[PDB]
Amino acid sequence: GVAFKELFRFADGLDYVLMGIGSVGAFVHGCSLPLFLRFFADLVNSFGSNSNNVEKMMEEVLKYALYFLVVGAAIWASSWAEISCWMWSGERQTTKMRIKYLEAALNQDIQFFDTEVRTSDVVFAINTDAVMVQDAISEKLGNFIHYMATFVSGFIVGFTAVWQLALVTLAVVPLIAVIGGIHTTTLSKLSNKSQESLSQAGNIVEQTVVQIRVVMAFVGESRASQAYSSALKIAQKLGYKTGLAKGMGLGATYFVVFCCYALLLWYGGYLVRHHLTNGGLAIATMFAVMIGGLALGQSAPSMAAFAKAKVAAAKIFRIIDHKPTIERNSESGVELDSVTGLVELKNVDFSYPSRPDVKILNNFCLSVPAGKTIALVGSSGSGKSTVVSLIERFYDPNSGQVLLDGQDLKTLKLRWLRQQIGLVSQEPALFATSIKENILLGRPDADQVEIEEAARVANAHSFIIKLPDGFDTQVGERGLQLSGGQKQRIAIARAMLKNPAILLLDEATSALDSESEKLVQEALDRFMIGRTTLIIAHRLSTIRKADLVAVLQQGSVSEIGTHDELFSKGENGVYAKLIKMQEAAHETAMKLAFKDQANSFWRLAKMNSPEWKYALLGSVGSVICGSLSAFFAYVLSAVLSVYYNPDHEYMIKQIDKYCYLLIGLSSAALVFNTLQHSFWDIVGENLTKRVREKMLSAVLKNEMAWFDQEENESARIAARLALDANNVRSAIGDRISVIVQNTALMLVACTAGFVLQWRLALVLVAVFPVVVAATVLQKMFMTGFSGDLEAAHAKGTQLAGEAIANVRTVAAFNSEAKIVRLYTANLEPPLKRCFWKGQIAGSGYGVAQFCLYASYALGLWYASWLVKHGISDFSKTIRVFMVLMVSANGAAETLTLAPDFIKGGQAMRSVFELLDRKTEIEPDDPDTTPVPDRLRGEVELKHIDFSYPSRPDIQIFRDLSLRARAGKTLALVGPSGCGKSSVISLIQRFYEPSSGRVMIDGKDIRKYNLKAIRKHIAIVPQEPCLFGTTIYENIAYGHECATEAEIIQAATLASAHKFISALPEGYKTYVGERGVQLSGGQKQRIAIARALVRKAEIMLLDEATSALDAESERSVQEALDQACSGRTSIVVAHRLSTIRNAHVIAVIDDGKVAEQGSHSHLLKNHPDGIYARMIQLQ
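Right, here's the structure in full:
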C-alpha cells in the first residue's frame, strides 16, 4: 500500500466543498435516530402520566408531534446532501485518475511493457483496480461518518437518560455479538466446503463434452450420467448439514435476545418502582444502546475497503510516477529538408533487455538504396522482426549507429522520423471509432475529398458506399464485424494517406484468401512505386517482382542478389535451399403475473412430487416462527403499558408474568427455528440434484451438429449447467420461506390490532403505502445507490483496452495524444448521467423519510384524540400502535424480493429450453430393424453427396462409392490430407448424409437403431483422448462386462503390457490432468487396446502418427497388423509407402474417387495415374 491521505491527490477547489457538505450531512443524518428515540420517550412519558388530566394531554402531545415534522425535515435536507455530494465527488476524481493514468501508460517505452510490467496487467488495472479506488472514497467513506455518528450518539442518549440501565445493556451486547459471530464462521466454513465438491463434480461435464466424439463411439453416455449422479451425493450430504447449522445458528440468536430482554425489562421495572426513572425512558435506553452497538459492527465493511483499495492504488501510482528516463522524444533535435530515403545499417549488434546475455545480430550491415524494393529472406528461426523494431527507435542498438542520408537518428526528431515512415502491421489494428477517424490517424489535416481519394486506391471506396451510413459506421463491436479482407484495405488506406518514403510493409501472409488477394495485391502495387520501401516477403509473387533480396545469416548477410542471382546457384543456393520447405507447411495445414411465469413455475413445481413431506413440515413450522415475532413486539408493548400503573404491588405481579413468557417462547424460537431452515434446505437440495441430472441426459441425446455451433462450447455447457440451477435455488427455494413467514407475521399483527381498538387500526393501515415505501429505501441504503459501477464505464474502457495492447501501432503514427482525446469523450456521458442520478437518489430518499415521520404524527395525535372522548385508554392505544408498526418490517421486507423473482424467470427459461429441444435422430428409436448377431461386415458407402450442416459453402464429397468386402482391408490413401475424415464421421451417424443411403450387410443404416449398431463398430481417434481415471478402467471403458482375464489378454496383443508392468503403481496408474503425466508417444497403444475389447467386426482406423519415437513405431505396426486381421477395416492412410500390404486401395481426388482395384493392379496399367507417381516422389 501507499498511504492514506494520498488517495485524494486529484482534488480541485470544487470537491473540497462537496466533501464538507457531504460530511456535515452524513454526520447530522447519523444523529437522527438516537434523537428520535429521545423525542419518542418524551412523547409517551407525557401521554400516560396525564390519565386524570385530559386537556393537558392534548396540549403536550400536540407539542411533541411538531418536533417530528422537524426531525423529518432535518433528515430530508441531510440525506439529500449525503448521497449526492459523495457519489458526485467520487466520480470527478476517479475519472481524472483514469485519464492521467492512460495518458502516461501509452507514453512509456516498450521496454517497460516487457520486463517491469506485463501488457496483460496495465489493461487489467483500469477494469477493477481503478474502481476499488472510486468505491473507497465515493460511498464507503460516507457510510463511515454515518455509522460513527450513530455509534457515538447512541451511548450519549442512553447514558444521559438512565446511567443505571445503560450499563446492563453494555454488559449484555457482547453476549449477543459472540453468538452472532460464531454463527457466521460456523456457516461460512461449510458454505465454502460445499462449493468445492460442487466444482469438482463440474469437471465431469467438462471432460465429457470435450470427448463427445469418443463418448458415443464406445457408447457410454449411460456411464457418464451414473458417474455424474453419484458424484453429486457427496456434495448433497455437505449441504444437508449447512441447513442444520443455519437453523441452530439463527435459533441461538433468538434464544439470547429473548432471554436478555427478560432481564432488562425486569430491571427497568425495578427502577420505575423506586422513583429513579420515568416509564418511557426505560425503552428508549435499551434501544438507544443496542443501536449504538449494532452500528459499530456495520462500520467493518466500510473499513475493509480502505485497506483493499490502498494496496490496489499503489499499482496505479507506479505507472503515473514512472520516470521519463525512458528515452522520450528529444525536443532539441534537427530536421533535414531533402529526405529521399537512404536507410542503411553499419555494424549493428542488438540484444533484448529482457535477457542481456544472448545476441540476435552480430556485425549486421545493410545497404538499402533509394527508390527500390529490396526484400528479406531468413524465415522463422532467426526472428527477422528486429529490423522493423529498430528503425522506428522502438529499442536502441548496443553499438553501431543507424544511418539516414548521412545523419544518425540519435539526434533527429522522433516525431518527425516516425512521421516519414509508414508501418503496415501483419495483423490489422483498428480502434473502436468511426471509419472517418480510423483512416484519419495517418495525417490529421486532410479534408473529406482526400480521405475517399486515398481510400479508393486500396479498393476500399468501392464498398464503403454500400455501408448503411457511409463513412460513419462505428467499427468494433458495432460495425457488423467487417471482413478480414477489408481490415487490411482500410489499414493500407491509412498508410497511403500519410504518403511516407521509408515504407515498411510487413508480411501479412497469414490467412488472406486467394479471392481478396487479386485486389489487395493490386492496391499494394500502386503504393510501392517510386519510394524507398523495404518489403518482408513470404509470397513468391512479391519476391519475383521485387528487386535484389538480402540473405540473413543469423547475425549478418552473406550476399545480396536478385532471384536469378541466387536461384542459379543450385546446391549452394542457400536462398533456394530455404525456399523449398517454405511452401510445404501451407497445403498440409488445411408480465410475471400469470402471463409469463404461470406455466414455467408450475411446470417446475410439478416434478417435485415425491418431496412434499418436507414441504408442509417446514411450512407448518414456518408460520409458528413468524407468529413468535409478533408475540414479542406485543409483550414489549404490553410491559410499557404497565409501567404507568399507580399500583406498585400489582405491577410486580404483571412484569413477573411477562418475564416468564419471554423465557417460555425463547425455547420455542430455538426449536421451531430449526424445523424452518432445515426442512427448506432438504427441498432445495433435492430440487437441484433432480434438475441437474435432467439437463445432462438431455444434452447427451442431441445430434453431433449441436456441439459445434460455437454456443455449445466446452465451457459454455459446464457454466450453463452450474449457474442455471444454483440460481434457481438461491432465488426461488430460499424465498418461499420468507413469503410464508412474513404473512403469518402480518395476519397476527393485523388481527391483534383490531381486537383491542379498530378505529386507530384504520388510520394505521391507510398509511401503510407511505411506510413500506420508506422502509424499502432504508433497506436499500446499506447496499448503496451507485449500482452498475462496472457496466457504466464499459464503452470507453474497451477503447483503452485496445490502445495499450497495440501500443506500437499507436506510437508508430504519433497518435498517442488523440487516443486520449477520444477516451475523454467516451467518459463524459457517465459524468452528466451520474450527476443526475445522485439527485434523484437524494430527493426521492428525503421525501420518503419526511413522510415516514409525518405518519407517526397522524398516529400518536389521533390516538390522543380518541382518549379525550373515552373511546380507549393508554393501555389500548399503545399496544395497537407498536404491534402494528412491527408489521411494517413484514410486507416491507417481503417486497424487497422483487429482484429475486425476475431473474428466476430467465433461469427457468434457459433450463426449460434444454428439456424440450427435439433431437435430429433418436438414439433409442423403437420399431427399427433388429441387428443380426455376428454380421458379415459388408460396409457399402456409395452416393455420399454431402456437406456439413454448419455451413454448406464447400461441398465435402461428390458421389463417391466405396466397397469393402466382408473380411478384408481397404485404405483411403490420397494427397491433401485432413480432408478424408468425413467418412469415419458418417459411418457412425454423426452427420446425416445429404443425398444417399449408407447400408451395412445389405441393410441400410437408417432402419437400424442408432445404439443397437454401435455395439459392433469401433474406431480409433486421430489423437487419443484419455479420461482422467486409472489405466484399468480406461481400457475397460470400451466393452461392457470387461472381465480381468479378457482385459489382461486384450492389453497383451498390443505391445504395451511390459511397458506398463514396470510402473510402481501397477496397473492403476491414474492417468489424467493431475496424475502421472505419461509420454505422448505411447498413448496410441491404450486406445488400440480399448478398441480391441469391443470384438468389433468393423474396425475403422483413423491414424497411427504422432509416434516420433522410432522404437515405438515397430510396436505400433505390430499392433496394426493384428488390427487388420480377420475383420473389415477402413484405414485412413496418412502415411508413406509403408501401406504396401493393403488389399484394396483407393484415392480421394477433391471429393472424387478415380481408381479402384488393388495395389499391384494399378501399377501395371496406370503410368500417368497419381497413385503410381506418388510411389517414388512422396
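Using the deposited numbering, the letters of the sequence shown correspond one by one to residues 26 to 615, 676 to 1263. Ideal Cβ positions, reconstructed from N, Cα and C, are used throughout, including at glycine.
Beta-ladder partner(s) of residue i, from DSSP
i, result
"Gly-586", "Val-574"
"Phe-35", "For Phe-35, which the question treats as bridged, DSSP gives no partner whatsoever."
"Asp-1253", "According to DSSP, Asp-1253 bridges with nothing at all."
"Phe-1042", "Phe-1031"
"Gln-991", "According to DSSP, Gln-991 bridges with nothing at all."
"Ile-1215", "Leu-1055"
"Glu-1025", "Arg-1048, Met-1084"
"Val-1156", "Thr-1114"
"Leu-530", "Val-449"
Residue i versus residue j: straight-line alpha-carbon distance, rounded
i, j, result
"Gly-706", "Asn-758", "8 Å"
"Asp-1187", "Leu-806", "33 Å"
"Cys-919", "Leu-943", "37 Å"
"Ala-329", "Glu-164", "13 Å"
"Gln-607", "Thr-613", "12 Å"
"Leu-465", "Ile-490", "18 Å"
"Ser-583", "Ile-527", "24 Å"
"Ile-1072", "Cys-1063", "17 Å"
"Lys-543", "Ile-802", "42 Å"
"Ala-1192", "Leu-1163", "13 Å"
"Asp-374", "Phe-342", "36 Å"
"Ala-1239", "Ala-1056", "14 Å"
"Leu-1095", "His-1246", "38 Å"
"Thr-278", "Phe-986", "29 Å"
"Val-905", "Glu-128", "6 Å"
"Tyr-735", "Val-727", "9 Å"
"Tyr-930", "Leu-862", "7 Å"
"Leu-1221", "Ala-609", "16 Å"
Chain-order list of residues whose beta-carbon lies under 6 Å from that of residue i (same chain, five-residue window excluded)
i, result
"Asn-771", "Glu-696"
"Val-892", "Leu-131"
"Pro-59", "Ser-178, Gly-179, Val-182, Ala-313"
"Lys-961", "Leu-841, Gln-842"
"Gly-586", "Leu-573"
Limits of the unbroken beta strand (DSSP E) element including residue i
i, result
"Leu-391", "389-391"
"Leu-94", "No beta strand (DSSP E) holds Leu-94; the alpha helix (DSSP H) holding it covers 93-96."
"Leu-370", "368-373"
"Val-53", "That residue, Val-53, is in no beta strand (DSSP E); its alpha helix (DSSP H) goes 40-55."
"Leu-429", "427-429"
Close Cβ partners of residue i (< 8 Å) along its chain, the five nearest in sequence each way excluded
i, result
"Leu-1000", "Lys-779, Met-780, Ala-783"
"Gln-133", "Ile-344, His-347, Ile-351"
"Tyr-1076", "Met-789, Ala-790, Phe-1031, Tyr-1033, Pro-1034, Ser-1067, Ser-1070"
"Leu-884", "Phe-456, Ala-457, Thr-458, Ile-904, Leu-907, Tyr-908, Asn-911"
"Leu-747", "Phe-283, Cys-284, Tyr-286, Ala-287, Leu-290, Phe-717, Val-720"
Limits of the alpha helix (DSSP H) - the one that residue i falls within
i, result
"residue 23", "The structure shown does not extend to residue 23, since the chain is modelled only from 26 to 1263, so the question has no answer here."
"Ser-960", "959-962"
"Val-776", "765-777"
"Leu-1248", "1244-1248"
"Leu-725", "718-727"
"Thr-894", "892-897"
"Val-148", "Looking at the DSSP string, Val-148 is not in any alpha helix (DSSP H), and its letter there is neither H nor E."
"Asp-160", "154-162"
"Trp-946", "945-952"
"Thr-120", "117-128"
Spatial neighbours of residue i in its chain, beta-carbon cut-off 7 Å, leaving aside the 5 residues before and after
i, result
"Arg-443", "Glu-417, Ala-897, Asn-899"
Contained beta strand (DSSP E) runs [length at least 3] in the region 1047-1096, N- to C-terminal order: 1054-1056
At which residue ranges does the region 190-259 contain complete alpha helix (DSSP H) runs of 4 or more residues, listed in the order of the chain? 190-195, 198-213, 219-225, 229-235, 237-242, 251-254
Can you give, in chain order, each stretch of the beta strand (DSSP E) that sits fully within the region 382-460 and has at least 3 residues? 389-391, 427-429
Output the residue ranges of the alpha helix (DSSP H) runs that lie fully inside the region 870-936 and measure 4 residues or longer, sorted by chain position. 874-877, 882-889, 892-897, 903-910, 916-919
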